[PDB]
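A.B. asks: Let me see the structure of the following:
(chains A and B)
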Amino acid sequence: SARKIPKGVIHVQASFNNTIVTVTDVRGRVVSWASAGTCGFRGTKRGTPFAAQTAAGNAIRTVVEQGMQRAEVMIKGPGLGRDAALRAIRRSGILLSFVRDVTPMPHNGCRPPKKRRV
RNA sequence: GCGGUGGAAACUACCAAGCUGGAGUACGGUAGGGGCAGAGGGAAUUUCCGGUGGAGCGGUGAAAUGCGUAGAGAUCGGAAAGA
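C.D. replies: Residues are numbered from 1 along each chain as shown, chains lettered A, B, ... in the order given. The coordinates are given below.
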């Protein structure tokens, strides 16, 4: 089990080739995580909006032991996995308070690597 | 062409004396990522230290090497580091 409080943050690591749908409490002990590599298929298929939908659905379908009402989602990063994930959470329709972005916006910190030339 | 000699004085040069628009300086402002030195800053990244949780994470045209049950990645806190 857990603390049994039905409010908790959801983080969506939407990568450029993957998604991770994790869900955790206010302190930060994770109650479940499920990614595109978690839900079966793996390779070039993972990181597509069907993987965001299935990974989000298989992520938050297992919080029915909690039955969280007051949801709040804190996504991160670029990729094709955001909008399908928000349509998945709104499909489950639980009390999504506010979604938000927490993406790392650097202030010219490190040099990003070589351009691809492909 | 060179030399001697007699004349001219506009121009270059010369002698002397003024002139100011050229150029500077004095003064008052004024704008500036001009330079150098000293302090201070916060994102981000990486690594380490803790709590969670458990199988992938990462990557690609598609894969693979890598890393991961010695608990990775993700998440929250704690430091430190250089750029």
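
A.B. asks: Return the set of buried residues in the longest helix seen in chain A.
C.D. replies: Secondary structure assigned by DSSP state H gives helix A:49-60 as the longest helix of chain A. Within helix A:49-60, the residues that count as buried by 16 or more other CB atoms under 10 Å are A:49, A:51-60. To be clear about C-beta, it is placed using only N, CA and C from the backbone, and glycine gets the same treatment.

A.B. asks: so which residue of chain A comes closest to RNA strand B?
C.D. replies: RNA strand B sits closest to residue A:37 of chain A, with a gap of 1.8 Å, by CB to the nearest atom of the strand.

A.B. asks: show me the residues around the closest residue to residue A:46 other than its chain neighbours that make contact.
C.D. replies: Closest residue in space to residue A:46, ignoring its immediate chain neighbours: residue A:36 at 3.8 Å, by CB to CB, 6 or more residues apart in numbering. The contact partners of residue A:36, by CB atoms under 8 Å, 6 or more residues apart in numbering, come to A:18-20, A:42, A:46-48, A:51-52, A:54-55, A:81.

A.B. asks: how about the strands of chain A, start to end?
C.D. replies: For chain A, the strands defined by DSSP state E cover A:8-14, A:19-24, A:30-35, A:70-76, A:95-101.

A.B. asks: Dump those strands to JSON lines, plus distance to residue A:1 and mean neighbour count.
C.D. replies: JSON lines is the format used below for the strands of chain A (distance: least, CB to CB, whole Å; neighbours: other CB atoms under 10 Å):
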{"stretch": "strand A:8-14", "distance to residue A:1": "14", "mean neighbour count": "21"}
{"stretch": "strand A:19-24", "distance to residue A:1": "15", "mean neighbour count": "23"}
{"stretch": "strand A:30-35", "distance to residue A:1": "9", "mean neighbour count": "18"}
{"stretch": "strand A:70-76", "distance to residue A:1": "19", "mean neighbour count": "18"}
{"stretch": "strand A:95-101", "distance to residue A:1": "21", "mean neighbour count": "13"}
